[PDB]
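What follows is a single structure, written as structure tokens, with notes after it.
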Amino acid sequence: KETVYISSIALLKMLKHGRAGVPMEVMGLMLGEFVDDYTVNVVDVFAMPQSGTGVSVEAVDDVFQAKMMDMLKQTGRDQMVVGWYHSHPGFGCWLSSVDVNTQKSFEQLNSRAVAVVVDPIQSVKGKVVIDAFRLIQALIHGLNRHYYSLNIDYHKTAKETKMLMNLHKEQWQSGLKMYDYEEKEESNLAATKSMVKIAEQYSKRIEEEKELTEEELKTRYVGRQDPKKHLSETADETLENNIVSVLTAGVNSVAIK
Amino acid sequence: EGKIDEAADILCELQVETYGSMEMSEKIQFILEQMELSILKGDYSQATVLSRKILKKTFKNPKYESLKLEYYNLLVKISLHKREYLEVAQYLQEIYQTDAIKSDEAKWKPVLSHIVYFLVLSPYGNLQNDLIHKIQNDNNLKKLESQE
Ligand SMILES: [Zn+2]
């Protein structure tokens, strides 16, 4: 039920610094605000210099930190330090015990402070691997034992999005574009489960409608819609969406190869 | 003598609550005595706990910084006994961070080497990588050749 909302600039600065430090792990701090018990919002990030030793407690640099703080004050960015990013390149997202102790050093600052692990290399143009969570593949380290996972979402202002739109100009390329497949897996599934759901509704309307007059039936059902029209209706989206879905791939395979 | 087991039995404590009463020179000093008498005792548990009770930030003071070479040197010896490695390498790292042994070229070589050998013996894992790849880029490591 608990969650964090990670603004775009945070996420991009994140992945940038991470990808830039490869193949060594980088750390930094997270600026935001705690809405309620159920939420942490992260609007900002700044990057913490390298250390001779690995990412660790003293890697956090007071001088550097406050030195950044005030200079953000002058920009009005004033926020708490709500968590700290990090990266475990190639190793997936989990906290080593050494990650843990530091996480505690951020518990005693604020009890709700969170840990964010980013994984630059295997995060790729598909799904981005990211994780945020706090203490008490990954189960080897006691995913649930010493600590526990959290959830993540992304705040987007209208204008933000509007900038992001113009990145790709798809106006020429449309029609060879194949939309995300997993999404049409939930599509082609939930659609079918639904058709099942209204099947026996159409069954009940044919039996009841059989033994009861139309004038009586209307009184009952006018509230909802004619389950025969959810068959007639719902069959379509599956039909044509799946025919363009098939054809599009049939073309990309033979044409593009 | 080996009877320092019998004697040192008492000083496995006597430092305990004298924390604020002693001055850290002497204080820490015979904490270190507790260490080496604990290893020569052949018992690492009190070396371990009697060790960690010191607080590292005392190493802001160059005075105590001169001393702590002993401290880490022991922590090495312990960890070697425990068959830990990555930990050893973190210590040798830390001593290797000392200005005094940063300077002298005849100081930091045999420690730098050991840092290599242990980062080699440690099992592949998280901190092994970035520790290695940091060493990899240390200019001084150029001066060594085979180890390089
Ligand atoms: Zn880590």
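Residue numbering restarts at 1 for every chain of the structure tokens, chains are lettered A, B, ... in their displayed order, and ligands are numbered from 1 as they appear.
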
Q | Filtered DSSP result for stretch 31-125 of chain B, state helix (DSSP H, G or I), as JSON, numbers by chain | A | {"B": [31, 32, 33, 34, 35, 36, 37, 38, 39, 40, 41, 44, 45, 46, 47, 48, 49, 50, 51, 52, 56, 57, 58, 59, 60, 62, 63, 64, 65, 66, 67, 68, 69, 70, 71, 72, 73, 74, 75, 76, 77, 78, 79, 80, 81, 82, 86, 87, 88, 89, 90, 91, 92, 93, 94, 95, 96, 99, 100, 101, 102, 103, 105, 106, 107, 108, 109, 110, 111, 112, 113, 114, 115, 116, 117, 118, 119, 120, 121]}

Taking only C-alpha atoms and all ligand atoms into account, report as a compact mmCIF listing (two decimals) with C-alpha atoms, in the first residue's frame which residues have an atom no farther than 12 Å from an atom of ligand 1.
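Final file, pocket-v1.txt:
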```
# COMPACT_ATOMS: atom_id res chain seq x y z
CA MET A 24 31.72 1.09 -10.61
CA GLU A 25 28.81 1.91 -8.37
CA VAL A 26 27.72 5.47 -7.68
CA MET A 27 25.66 6.99 -4.89
CA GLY A 28 23.66 10.12 -4.29
CA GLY A 54 32.94 1.51 -1.99
CA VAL A 55 29.58 3.13 -1.43
CA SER A 56 29.32 3.34 2.33
CA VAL A 57 28.46 5.56 5.27
CA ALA A 59 30.92 8.10 1.30
CA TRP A 84 19.56 7.78 -1.17
CA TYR A 85 20.21 6.22 -4.52
CA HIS A 86 22.86 3.83 -5.32
CA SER A 87 23.65 1.31 -7.98
CA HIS A 88 24.48 -2.40 -8.09
CA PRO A 89 25.50 -2.75 -11.75
CA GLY A 90 24.99 -6.27 -13.03
CA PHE A 91 24.00 -7.63 -9.63
CA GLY A 92 20.33 -6.78 -9.74
CA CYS A 93 18.51 -4.83 -7.06
CA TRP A 94 19.15 -5.79 -3.44
CA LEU A 95 20.93 -4.38 -0.43
CA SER A 96 24.13 -5.88 0.79
CA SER A 97 24.54 -5.82 4.54
CA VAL A 98 26.94 -2.95 3.98
CA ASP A 99 24.13 -1.27 2.09
CA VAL A 100 22.00 -2.03 5.17
CA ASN A 101 24.16 -0.37 7.81
CA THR A 102 24.20 2.82 5.78
CA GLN A 103 20.45 2.54 5.34
CA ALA A 115 16.78 3.06 -0.20
CA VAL A 116 16.80 3.21 -3.98
CA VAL A 117 18.89 0.74 -5.95
CA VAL A 118 19.42 1.37 -9.65
CA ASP A 119 21.03 -1.18 -11.94
CA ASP A 131 13.95 -0.65 -6.83
CA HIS A 141 20.02 -11.58 0.77
CA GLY B 125 30.84 -10.27 -5.57
CA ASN B 126 29.49 -6.77 -5.23
CA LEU B 127 32.23 -4.86 -3.47
CA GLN B 128 34.97 -6.93 -5.03
CA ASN B 129 34.23 -5.41 -8.40
CA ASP B 130 34.21 -1.73 -7.64
```

Q: Output as an NGL selection string all residues of stretch 128-214 of chain A that backbone DSSP marks as strand (DSSP E).
A: :A and (130-135 or 147-149 or 152-153)

Q) What is the distance, in Å and to one decimal place, between atom CA of residue A:109 and atom CA of residue A:32? A) 14.4 Å

Q | Spatial neighbours of stretch 79-93 of chain B, max dist 12 Å, only C-alpha atoms, sep filter under 3 positions, as a ChimeraX atom specification | A | /A:51-54,56,98 /B:39,42-45,47-48,68-76,96-98,101-102,108-132,134-135,138

(Q) Neighbouring residues of residue B:37 were defined as those with any atom within 12 Å, considering only C-alpha atoms; residues of the same chain fewer than 5 positions away were excluded. Please report them as a PyMOL selection string. (A) chain B and resi 1-12+30-32+42-44+46-47+50+74

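For the set A:43, A:136, A:22, A:143, the residue with the smallest atom-to-atom gap to chain B is A:22, counting only C-alpha atoms.
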
Q) Got a sec: who's within 10 Å of residue A:2, counting only C-alpha atoms, leaving out chain neighbours fewer than 6 positions off, as a PyMOL selection string? A) chain A and resi 36-40+133+149-152

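The shortest atom-to-atom distance to chain B, with only C-alpha atoms taken into account, belongs to A:50 out of A:234, A:50, A:192, A:248.
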
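Closest to chain B among A:158, A:250, A:21, A:16 is A:21, based on only C-alpha atoms.
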
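Every protein or nucleic acid residue with an atom no more than 12 Å from residue A:180, counting only C-alpha atoms and leaving out same-chain residues fewer than 5 positions away, appears here: residues 126, 127, 185, 186, 187 and 245 of chain A.
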
Next, write the just-selected residues to a file, as a short mmCIF file (atom, residue, chain, number, x, y, z; two decimals), in the first residue's frame, keeping C-alpha atoms as the atom set.
```
data_model
loop_
_atom_site.label_atom_id
_atom_site.label_comp_id
_atom_site.auth_asym_id
_atom_site.auth_seq_id
_atom_site.Cartn_x
_atom_site.Cartn_y
_atom_site.Cartn_z
CA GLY A 126 12.90 -2.31 -22.56
CA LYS A 127 11.86 -2.48 -18.92
CA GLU A 185 -1.47 -9.88 -23.49
CA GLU A 186 -3.49 -8.37 -20.68
CA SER A 187 -5.70 -7.18 -23.50
CA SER A 245 -1.75 -6.96 -34.68
#
```

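Between atom CA of residue A:183 and atom CA of residue A:8 there is a distance of 22.3 Å.
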